[PDB]
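Let me begin by presenting the structure, written as structure tokens, before commenting on it.
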Amino acid sequence: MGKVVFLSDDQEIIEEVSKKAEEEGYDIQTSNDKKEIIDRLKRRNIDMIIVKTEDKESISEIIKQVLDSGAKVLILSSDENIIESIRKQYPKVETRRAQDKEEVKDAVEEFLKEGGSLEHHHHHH
Numbered sequence: 001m002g003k004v005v006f007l008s009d010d011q012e013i014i015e016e017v018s019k020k021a022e023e024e025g026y027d028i029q030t031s032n033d034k035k036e037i038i039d040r041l042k043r044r045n046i047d048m049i050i051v052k053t054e055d056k057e058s059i060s061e062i063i064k065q066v067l068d069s070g071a072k073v074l075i076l077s078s079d080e081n082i083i084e085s086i087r088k089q090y091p092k093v094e095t096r097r098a099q100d101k102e103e104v105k106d107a108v109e110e111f112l113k114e115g116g117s118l119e120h121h122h123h124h125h
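Here the entry's author numbering is used: the sequence shown runs in plain steps of one and ends on residue 125.
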């Protein structure tokens, strides 16, 4: 039970991530409401999570709940300054710049192929 939960405030984002999950047959629970997700991380009942939004308020609080749970977290935002802030504050977070819903579902897929390992440069020489 690798509980994958996607979160996005926008419907058209959710549709494309669910569509990628349809094509590939990936297990995802998609949610629109951030307050629910904070409580699911309070129960630590999310194994790996993906949050797409520019709303820094949700991004920050969800990650702080994921630190408690020890889960995998993928932050997706249109703004690169948000992404980069989350990288320098949190080294263990998976982060990728996703402006269009194409980039979002791509990042979700890449995250799921490698079982929660998206963000990694040439770490092995």
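Ideal Cβ placement from N, Cα and C applies to all residues, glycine included.
To the nearest angstrom, report how far apart residue i and residue j are at their CA atoms.
{"i": "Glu94", "j": "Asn45", "result": "19 Å"}
{"i": "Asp79", "j": "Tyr90", "result": "17 Å"}
{"i": "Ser77", "j": "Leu7", "result": "12 Å"}
{"i": "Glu57", "j": "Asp47", "result": "22 Å"}
{"i": "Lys3", "j": "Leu41", "result": "11 Å"}
{"i": "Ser60", "j": "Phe111", "result": "20 Å"}
{"i": "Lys105", "j": "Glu16", "result": "6 Å"}
{"i": "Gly25", "j": "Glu114", "result": "15 Å"}
{"i": "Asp10", "j": "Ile38", "result": "18 Å"}
{"i": "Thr30", "j": "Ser18", "result": "7 Å"}
{"i": "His123", "j": "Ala98", "result": "23 Å"}
{"i": "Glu109", "j": "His120", "result": "15 Å"}
Let me confirm a value: residue i is counted as buried when at least 16 other C-beta atoms fall within 10 Å, else exposed. Which label applies?
{"i": "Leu118", "result": "buried"}
{"i": "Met1", "result": "exposed"}
{"i": "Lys52", "result": "buried"}
{"i": "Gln65", "result": "buried"}
{"i": "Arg43", "result": "exposed"}
{"i": "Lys20", "result": "buried"}
At which residues does the beta strand (DSSP E) containing residue i begin and terminate?
{"i": "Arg97", "result": "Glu94 to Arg97"}
{"i": "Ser77", "result": "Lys72 to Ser77"}
According to DSSP, is residue i part of a helix, a strand, or is it coil?
{"i": "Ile49", "result": "strand"}
{"i": "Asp100", "result": "coil"}
{"i": "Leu112", "result": "helix"}
Where does the unbroken alpha helix (DSSP H) through residue i begin, and where does it stop?
{"i": "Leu67", "result": "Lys56 to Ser69"}
{"i": "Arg44", "result": "Element bounds for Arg44: n/a, residue is neither H nor E."}
{"i": "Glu80", "result": "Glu80 to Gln89"}
Please decide whether residue i counts as near chain C, where near means a Cβ-Cβ distance under 8 Å.
{"i": "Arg87", "result": "Absent here is chain C; the protein component of the structure consists of one chain."}
_Those runs of the alpha helix (DSSP H) which lie wholly inside the segment 4-39 and span at least 4 residues_ = Qualifying alpha helix (DSSP H) stretches, in chain order: 11-24.
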